[PDB]
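Undergrad: Right, I'll just put the structure down here and ask away after.
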2 protein chains.
Amino acid sequence: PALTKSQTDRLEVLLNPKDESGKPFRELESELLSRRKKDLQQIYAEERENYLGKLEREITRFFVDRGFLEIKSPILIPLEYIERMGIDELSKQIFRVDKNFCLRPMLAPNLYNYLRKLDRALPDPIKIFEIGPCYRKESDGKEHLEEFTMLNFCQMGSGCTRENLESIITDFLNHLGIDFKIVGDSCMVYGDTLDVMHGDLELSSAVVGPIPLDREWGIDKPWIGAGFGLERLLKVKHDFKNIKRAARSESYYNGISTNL
Amino acid sequence: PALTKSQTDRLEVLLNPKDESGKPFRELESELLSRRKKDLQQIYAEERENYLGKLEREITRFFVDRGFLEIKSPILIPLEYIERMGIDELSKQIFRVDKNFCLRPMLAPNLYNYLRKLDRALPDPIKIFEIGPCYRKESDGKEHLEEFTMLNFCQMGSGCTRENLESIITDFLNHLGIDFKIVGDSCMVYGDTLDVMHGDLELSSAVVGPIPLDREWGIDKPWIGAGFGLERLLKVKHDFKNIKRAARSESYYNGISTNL
Ligand SMILES: C[C@@H]1CCN[C@@H]1C(=O)NCCCC[C@@H](N)C(=O)OP(=O)(O)OC[C@@H]1O[C@@H](n2cnc3c(N)ncnc32)[C@H](O)[C@H]1O
Ligand SMILES: C[C@@H]1CCN[C@@H]1C(=O)NCCCC[C@@H](N)C(=O)OP(=O)(O)OC[C@@H]1O[C@@H](n2cnc3c(N)ncnc32)[C@H](O)[C@H]1O
């Protein structure tokens with residue numbers, strides 16, 4: 001008669017945000033299987049782009065067009081960078097590799113190094129961004145991924161104000177068509193942050209520098225910056241119930257179940 | 001009088017492929033510093049794209065345009081995938097994470113899974129590609145990186161011939177403007193390979209399936225495929241002497257020293 005919890009989980013795997021009893025499980029599953037097969041057929045026939053790759057390209061274009069230098073820095077980083085970030089909490093979340101390296105939990109340490117290095121070469125202000133993989137061991141799975149993709153943009157020198165920071169965030173999310181509000185918060189590493197919220201979901205943490213951590217990185221200039229999770233952005237944009245639908249995955253492709 | 005070996009190493013750091021005694025070290029270094037600062041100034045003023053990101057976008061466009069589905073699969077993969085790949089040599093090169101996961105040394109295991117899964121949804125033949133980070137512990141540094149970027153494209157079903165494989169490789173490298181020759185070789189995992197060579201540098205290993213390893217992955221169809229290192233491609237394209245100039249790096253940006 002009624003659907004079992006397991007059957008309901010199965011159908012929810014196959015259900016897409018835009019799909020609209022007493023039909024049996026077998027027929028409801030058959031219908032959804034058919035719809036999802038067609039969705040993949042249509043991607044494959046027409047656009048062929050992965051949502052995560054595509055979102056990366058669109059964001060890349062956005063920040064390049066606005067004068068930010070595209071960075072591609074190591075994903076595998078020295079463990080010393082974690083301790084020099086003031087992280088000794090987030091520390092139980094570090095995936096260690098060999099005795100000396102770890103998978104980066106954020107883009108900040110490498111970007112600090114780039115800011116200092118490029119200050120010797122580039123005119124004020126220095127505007128840079130990176131998009132790439134980051135890793136944190138996470139107890140949750142609703143809004144948290146162990147393997148995720150962060151965007152971090154930043155500016156150092158002139159014009160490093162809270163206004164300009166907010167303006168960039170605003171232009172950015174309006175460009176992407178993502179609703180948001182900016183609330184003042186704090187964290188252990190940075191501040192004093194600004195959190196960019198979608199309802200109760202954190203899209204970004206942002207900071208207006210300087211902060212005292214800067215000195216450890218040879219930075220003695222005003223700066224502003226923000227990190228965004230690309231999977232969180234996709235989750236909002238596509239109305240995905242679970243963030244796993246927006247991840248690097250063998251179970252979902254563009255939020256469509258691959259288990260068909 | 002003459003330059004010391006250390007001074008020569010310093011200048012070679014600052015030397016670009018296109019730059020053309022008895023001038024002292026200080027003046028030669030000063031000149032190169034000036035040229036490299038201007039190179040970064042010109043990137044920053046004009047294009048602002050990272051060579052590795054840009055190469056990824058151009059390759060992405062190439063394979064999308066030719067009917068291949070863009071994949072973004074996990075970088076952190078189960079250790080079981082390594083053993084199911086027939087790897088028990090390359091095994092000392094695996095960067096292990098936790099007791100159960102590793103950093104992927106190749107794209108093949110995840111793409112095998114995608115081929116099988118998508119066969120239930122997509123018409124014959126199934127054409128897919130991924131571009132992303134791969135990791136191998138490496139004794140060398142001339143043509144080898146521990147952290148690199150692989151392109152792997154493949155097709156399964158109809159038209160999985162050596163001719164079509166060679167044709168795609170040929171169209172691809174001619175598109176990129178990279179000189180090559182295709183030699184028959186072999187490896188422990190696959191074959192029987194075709195190696196795509198630039199002089200003595202391996203750009204790619206390629207395979208015409210089926211092979212007996214397929215059965216472990218639920219694959220029972222003809223297939224063809226090739227993996228290319230993006231850093232190797234950049235190394236050839238830009239005439240870089242060391243592959244570290246083409247890597248994710250805090251020491252080089254688009255093959256320009258960041259230590260200025
Ligand atoms: C570069 C300069 C010099 C140093 N720092 C400067 C800067 O530009 N800005 C300071 C603020 C950058 C934010 C960054 N350090 C950071 O790690 O903040 P988090 O809030 O911890 O990470 C940003 C978050 O990425 C996403 N994210 C987080 N963990 C997950 C998860 N496990 N699953 C999926 N998504 C997640 C989440 O969407 C977004 O809130
Ligand atoms: C997906 C289907 C199902 C399974 N396999 C199929 C397929 O499409 N093709 C089989 C052939 C794919 C090749 C892949 N399995 C492989 O790992 O071959 P390798 O020769 O070991 O890696 C390809 C190499 O990537 C680059 N590369 C390697 N190690 C490094 C390094 N340490 N530093 C920098 N660059 C490097 C190098 O340019 C290029 O020769």
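Chain labels A, B, ... are given in the sequence in which chains occur in the structure tokens; within each chain residues are numbered consecutively from 1, and ligands are likewise numbered from 1 in the order shown.
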Would you give me, as CSV, each residue of chain B having an atom within 9 Å of an atom of chain A, along with its shortest atom pair and that distance in Å to one decimal, using only C-alpha atoms and sorting by chain and residue number?

TA:
residue,atom,partner,partner_atom,distance
B:34,CA,A:121,CA,9.0
B:36,CA,A:121,CA,8.3
B:37,CA,A:121,CA,4.9
B:38,CA,A:121,CA,7.6
B:40,CA,A:121,CA,6.8
B:41,CA,A:122,CA,5.6
B:43,CA,A:69,CA,8.3
B:44,CA,A:69,CA,6.2
B:45,CA,A:67,CA,7.8
B:46,CA,A:67,CA,8.9
B:47,CA,A:64,CA,7.7
B:48,CA,A:69,CA,4.8
B:49,CA,A:70,CA,5.3
B:50,CA,A:70,CA,5.4
B:51,CA,A:72,CA,8.7
B:52,CA,A:72,CA,7.1
B:53,CA,A:72,CA,7.0
B:57,CA,A:57,CA,7.7
B:60,CA,A:49,CA,8.8
B:64,CA,A:48,CA,6.0
B:65,CA,A:48,CA,8.6
B:67,CA,A:48,CA,7.5
B:68,CA,A:48,CA,6.9
B:69,CA,A:48,CA,4.8
B:70,CA,A:49,CA,5.3
B:71,CA,A:50,CA,6.1
B:72,CA,A:248,CA,5.4
B:73,CA,A:248,CA,4.5
B:74,CA,A:248,CA,5.0
B:75,CA,A:248,CA,8.0
B:76,CA,A:147,CA,7.5
B:95,CA,A:97,CA,7.0
B:96,CA,A:97,CA,7.0
B:97,CA,A:97,CA,6.2
B:98,CA,A:95,CA,7.6
B:110,CA,A:250,CA,7.1
B:111,CA,A:250,CA,8.9
B:113,CA,A:250,CA,7.2
B:114,CA,A:250,CA,6.8
B:117,CA,A:258,CA,6.0
B:118,CA,A:258,CA,6.9
B:120,CA,A:260,CA,6.6
B:121,CA,A:37,CA,4.9
B:122,CA,A:41,CA,5.6
B:123,CA,A:41,CA,7.6
B:133,CA,A:75,CA,8.7
B:147,CA,A:76,CA,7.5
B:247,CA,A:73,CA,8.2
B:248,CA,A:73,CA,4.5
B:249,CA,A:73,CA,4.9
B:250,CA,A:73,CA,6.2
B:253,CA,A:71,CA,7.9
B:258,CA,A:117,CA,6.0
B:259,CA,A:117,CA,6.6
B:260,CA,A:120,CA,6.6

Undergrad: Check every protein, DNA and RNA residue against ligand 1, keep those with an atom at most 7 Å away (counting only C-alpha atoms and all ligand atoms), and present them as a PyMOL selection string.

TA: chain A and resi 105-109+111-112+136+138+143-150+152-154+190+202-207+224-232

Undergrad: Given only C-alpha atoms as the basis, pick out the residue of A:6, A:170, A:16, A:193 nearest to residue 240 of chain A.

TA: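 Ranking A:6, A:170, A:16, A:193 by distance to residue 240 of chain A, first place goes to A:16.
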
Undergrad: Can you check which residues of segment 99-222 of chain B DSSP gives as helix (DSSP H, G or I) on the backbone and send them as number ranges by chain?

TA: B: 108-118, 162-176, 212-217

Undergrad: Keeping only N, CA, C and O atoms, write the selected residues to a file as a compact mmCIF listing (two decimals), in the first residue's frame.

TA:
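Wrote it out as part.txt, contents follow:
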# COMPACT_ATOMS: atom_id res chain seq x y z
N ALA B 108 41.61 7.02 -14.85
CA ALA B 108 41.01 5.76 -15.33
C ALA B 108 39.95 5.07 -14.43
O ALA B 108 38.88 4.75 -14.92
N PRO B 109 40.26 4.83 -13.13
CA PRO B 109 39.23 4.17 -12.31
C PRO B 109 37.85 4.90 -12.30
O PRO B 109 36.83 4.26 -12.56
N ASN B 110 37.82 6.20 -12.04
CA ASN B 110 36.56 6.97 -12.06
C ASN B 110 35.87 6.99 -13.42
O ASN B 110 34.64 6.95 -13.48
N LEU B 111 36.65 7.06 -14.50
CA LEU B 111 36.10 7.05 -15.87
C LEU B 111 35.53 5.67 -16.27
O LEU B 111 34.51 5.61 -16.91
N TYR B 112 36.17 4.59 -15.84
CA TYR B 112 35.63 3.25 -15.97
C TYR B 112 34.22 3.22 -15.36
O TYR B 112 33.28 2.76 -16.00
N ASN B 113 34.08 3.74 -14.14
CA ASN B 113 32.79 3.76 -13.44
C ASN B 113 31.73 4.58 -14.20
O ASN B 113 30.59 4.15 -14.33
N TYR B 114 32.13 5.76 -14.68
CA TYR B 114 31.27 6.61 -15.52
C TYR B 114 30.82 5.94 -16.83
O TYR B 114 29.64 6.03 -17.19
N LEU B 115 31.75 5.29 -17.55
CA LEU B 115 31.41 4.52 -18.75
C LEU B 115 30.32 3.48 -18.44
O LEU B 115 29.32 3.43 -19.12
N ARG B 116 30.51 2.70 -17.39
CA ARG B 116 29.52 1.69 -17.07
C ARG B 116 28.18 2.32 -16.73
O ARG B 116 27.14 1.87 -17.22
N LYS B 117 28.21 3.37 -15.90
CA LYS B 117 26.97 3.99 -15.43
C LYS B 117 26.18 4.68 -16.55
O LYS B 117 24.96 4.48 -16.68
N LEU B 118 26.90 5.41 -17.40
CA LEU B 118 26.30 6.17 -18.49
C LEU B 118 25.80 5.30 -19.63
O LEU B 118 24.96 5.73 -20.40
N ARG B 162 41.77 2.04 -33.75
CA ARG B 162 43.07 2.63 -33.65
C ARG B 162 43.16 3.87 -34.54
O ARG B 162 43.70 4.88 -34.11
N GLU B 163 42.58 3.78 -35.75
CA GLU B 163 42.49 4.93 -36.66
C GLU B 163 41.83 6.17 -36.04
O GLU B 163 42.39 7.27 -36.12
N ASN B 164 40.64 5.97 -35.45
CA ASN B 164 39.90 7.06 -34.86
C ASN B 164 40.65 7.62 -33.66
O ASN B 164 40.74 8.83 -33.52
N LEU B 165 41.22 6.73 -32.84
CA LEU B 165 42.06 7.16 -31.74
C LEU B 165 43.20 8.03 -32.23
O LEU B 165 43.39 9.13 -31.74
N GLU B 166 43.94 7.57 -33.22
CA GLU B 166 45.07 8.34 -33.72
C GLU B 166 44.63 9.71 -34.28
O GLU B 166 45.31 10.72 -34.08
N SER B 167 43.49 9.70 -34.98
CA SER B 167 42.90 10.88 -35.61
C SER B 167 42.56 11.96 -34.59
O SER B 167 42.85 13.14 -34.80
N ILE B 168 41.98 11.55 -33.46
CA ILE B 168 41.62 12.45 -32.41
C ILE B 168 42.88 13.07 -31.78
O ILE B 168 42.94 14.29 -31.59
N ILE B 169 43.85 12.21 -31.47
CA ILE B 169 45.14 12.66 -30.95
C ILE B 169 45.77 13.69 -31.90
O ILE B 169 46.23 14.75 -31.45
N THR B 170 45.77 13.35 -33.20
CA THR B 170 46.33 14.21 -34.25
C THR B 170 45.59 15.55 -34.36
O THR B 170 46.21 16.60 -34.35
N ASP B 171 44.26 15.50 -34.44
CA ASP B 171 43.49 16.73 -34.49
C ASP B 171 43.78 17.61 -33.27
O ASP B 171 43.98 18.81 -33.40
N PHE B 172 43.82 16.98 -32.10
CA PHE B 172 44.03 17.63 -30.83
C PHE B 172 45.36 18.37 -30.76
O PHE B 172 45.38 19.57 -30.49
N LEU B 173 46.46 17.68 -31.04
CA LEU B 173 47.78 18.30 -30.94
C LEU B 173 48.07 19.33 -32.03
O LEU B 173 48.80 20.28 -31.79
N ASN B 174 47.49 19.12 -33.22
CA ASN B 174 47.55 20.11 -34.29
C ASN B 174 46.76 21.37 -33.92
O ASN B 174 47.15 22.47 -34.24
N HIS B 175 45.63 21.18 -33.25
CA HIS B 175 44.85 22.29 -32.70
C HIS B 175 45.69 23.12 -31.70
O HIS B 175 45.76 24.35 -31.81
N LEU B 176 46.35 22.42 -30.78
CA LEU B 176 47.18 23.08 -29.78
C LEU B 176 48.49 23.64 -30.32
O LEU B 176 49.13 24.45 -29.65
N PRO B 212 41.63 -7.21 -20.76
CA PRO B 212 40.93 -8.06 -19.76
C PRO B 212 40.60 -7.35 -18.44
O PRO B 212 39.69 -7.78 -17.74
N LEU B 213 41.27 -6.24 -18.14
CA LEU B 213 40.96 -5.45 -16.95
C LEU B 213 39.51 -4.91 -16.94
O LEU B 213 38.92 -4.73 -15.87
N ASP B 214 38.93 -4.70 -18.12
CA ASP B 214 37.56 -4.19 -18.29
C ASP B 214 36.48 -4.89 -17.46
O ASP B 214 35.60 -4.23 -16.91
N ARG B 215 36.56 -6.22 -17.41
CA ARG B 215 35.64 -7.10 -16.68
C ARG B 215 35.52 -6.71 -15.20
O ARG B 215 34.43 -6.76 -14.64
N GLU B 216 36.62 -6.33 -14.56
CA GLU B 216 36.58 -5.87 -13.17
C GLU B 216 35.73 -4.62 -12.97
O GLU B 216 35.29 -4.32 -11.85
N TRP B 217 35.49 -3.88 -14.06
CA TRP B 217 34.80 -2.60 -13.97
C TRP B 217 33.40 -2.66 -14.57
O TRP B 217 32.75 -1.63 -14.76

Undergrad: Which residues are close to residue 185 of chain A, i.e. within 7 Å by only C-alpha atoms, leaving aside same-chain residues fewer than 2 positions away? Reply as JSON, numbers by chain.

TA: {"A": [183, 192, 193, 194, 195]}

Undergrad: What gap, in Å, lies between atom CA of residue 210 of chain B and atom 12 (C, counted along the ligand's line) of ligand 2?

TA: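 The value is 13.0 Å.
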